[PDB]
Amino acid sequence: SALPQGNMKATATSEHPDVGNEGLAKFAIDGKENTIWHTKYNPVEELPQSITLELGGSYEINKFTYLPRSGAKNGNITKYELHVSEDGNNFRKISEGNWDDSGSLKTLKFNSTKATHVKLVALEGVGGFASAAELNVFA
């Protein structure tokens, strides 16, 4: 079951200002599929870039989901790392891999681990950007 996004805070290395349905980091956890976090594209900041979710406490987590934007593909993430921290400072890599560029939900499962923060690192994305409609973390 998903940890409540409402208790979370989102920050990112790069984010596009609020021009509607993009591109602030907080849009990745607002519960709306029509709103997205998107990395700066004026002018563009190159990958890699990341987004960090402060969980709102220490939880033991085993799953992560990435929902891409709908109706367009720019920034759909195709190569990632997932890192965790228990102190907000030190991060450790727990997952890495590839995703297809489609709009489909991407799911990561991993051995249960304690975390106060989860960081999604975007190494590759459509168009040289990174974006996300919704991010969720599961215990």
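Residues carry their position along the shown sequence, with the first being 1.
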{"query": "Greater mean Cα temperature factor according to the PDB record, 22-30 or 52-60", "finding": "22-30"}
{"query": "Residue range whose averaged C-alpha B-factor is higher in the record, 85-93 or 36-44", "finding": "36-44"}
{"query": "Residue 131 CA temperature factor, ranked by third within the chain", "finding": "middle"}
{"query": "CA B-factor ranking of residue 70, expressed as a third of its chain", "finding": "highest"}
{"query": "Third of the chain, ranked by Cα B-factor, where residue 111 sits", "finding": "highest"}
{"query": "Residue 137 by Cα B-factor - lowest, middle or highest third of the modelled chain", "finding": "lowest"}
{"query": "Residue 2 by Cα B-factor - lowest, middle or highest third of the modelled chain", "finding": "highest"}
